[PDB]
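Structural overview
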Amino acid sequence: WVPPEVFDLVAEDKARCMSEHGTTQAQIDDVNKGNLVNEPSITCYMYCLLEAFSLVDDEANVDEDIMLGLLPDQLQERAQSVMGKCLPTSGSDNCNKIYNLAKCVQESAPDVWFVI
Ligand SMILES: CCCCNS(=O)(=O)c1ccccc1
Ligand code: NA
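Regarding how it was determined, this PDB entry cites X-ray crystallography in its header, along with a resolution of 1.90 Å.

Looking at the element boundaries, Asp13 is found in helix α2 (residues 11–21). Once the C-alpha coordinates of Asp13 and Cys48 are considered, the two residues, 35 residues apart in sequence, prove to be 8.4 Å apart. Among all residues touching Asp13, those that are not within four sequence positions of it are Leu49 and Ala52.

The subject of this paragraph is the coordination of the sodium ion (ligand 2). Distances from the sodium ion (ligand 2) to its protein donors, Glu39 (OE), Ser41 (N) and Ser41 (OG), fall at 2.7 to 3.1 Å. By relative accessible area, which is 43% here, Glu39 ends up partly exposed. Exposure remark for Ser41: the relative accessible area of 19% places this residue in the buried category.

Ranked by size, the top nonpolar core spans 38 residues in total, and within it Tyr45, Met46, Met83, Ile98, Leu101, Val105 and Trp113 carry the most contacts. Secondary structure elements with two or more residues in this core: α2, α3 (25–32), α4 (40–52), α5 (64–69), α6 (73–86) and α7 (94–108). Counting residues per element, this core draws most heavily on α4, which supplies seven residues. Beyond its immediate chain neighbours, meaning those up to four positions away, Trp113 contacts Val31, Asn32, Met46, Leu50, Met83, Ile98, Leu101, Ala102, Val105 and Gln106.

Taken together, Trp1, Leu49, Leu50, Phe53, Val112, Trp113, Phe114, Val115 and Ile116 make up the full set of residues near ligand 1. Between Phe114 and ligand 1, the recorded distance is 2.9 Å, taken from a backbone N or O atom to a nitrogen atom. Measuring from an oxygen atom of ligand 1, one finds a backbone N or O atom of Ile116 at 3.0 Å. In isolation ligand 1 exposes 370 Å². Once the protein is present, 94% of that is buried. Split into classes, the residues belonging to the shell around ligand 1 amount to nine nonpolar, no polar and no charged.

Let us now look at the pattern of salt bridges. For the structure on display, the rule yields three salt bridges. A single salt-bridge network, built from bridges that share partners, covers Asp13, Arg16 and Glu20.

What follows covers the packing of α3 against α4. The contact between α3 and α4 brings their axes to 10 Å, and the two run at 75°. If you check the angle between α3 and α4, you find them roughly perpendicular. From α3, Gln27, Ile28 and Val31 reach across to α4, where they touch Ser41, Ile42, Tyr45 and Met46. For the contact of α3 with α4, the class distribution of residues is five nonpolar, two polar and no charged.

Quick notes on the rules
- Residues numbered from 1 in each chain as written, not as in the entry; some residues may be left out.
- Chains lettered and ligands numbered in written order.
- Heavy atoms only, no water.
- Helix = DSSP H or I, 4+ residues; strand = E, 2+ residues; numbered from the N terminus.
- Contact = heavy atoms within 4.5 Å.
- Donors = N, O, S within 2.8 Å, 3.2 Å for Na, K, Ca; no water.
- Buried < 20%, exposed > 50% of the residue type's maximum accessible area, 1.4 Å probe, protein only.
- Core = buried A, V, L, I, M, F, W, Y, C linked by side-chain atoms within 4.5 Å.
- Near = heavy atom within 4 Å.
- Polar contact = N/O pair within 3.5 Å; in protein donor to acceptor, adjacent residues only side chain to side chain.
- Areas by Shrake-Rupley, 256 points an atom, 1.4 Å probe, with all protein chains shown as cover.
- Nonpolar A, V, L, I, M, F, W, Y, C, P; charged D, E, K, R; others polar.
- Salt bridge = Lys/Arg side-chain N within 4 Å of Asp/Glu carboxyl O.
- Axes fitted to C-alpha atoms, helices over the stretch in contact; angles between N-to-C directions.
- Parallel < 35°, antiparallel > 145°, perpendicular 65-115°, else oblique.

As structure tokens, this is what we get:
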């Protein structure tokens, strides 16, 4: 659902976050297919990108309002519902916190969790 202009807003942060964490595009594609394991190279990537867009703070607490605001009108009710179930985050560290949220959201609504 991401609009095509988001993709250059994000390009520099994407390149940075992939390089910092050893993330591959293949791993990003996998998350988008609904497959996600608790591997730091992908989970720290997701944390990295959320932070980049100011959607999480230094302990992976989620700014849900800022998050919903980046979603299409048609997705927001469902997204707000799932965030109701899946927040607040919890986990062993910032990456694991986002792993657990990604899993939660994917289990429960699997049109909401896209990873750029
Ligand atoms: C739902 C977020 C999961 C990780 N997504 S994202 O950060 O790549 C992103 C997606 C859409 C808008 C902004 C950031
Ligand atoms: Na890894």
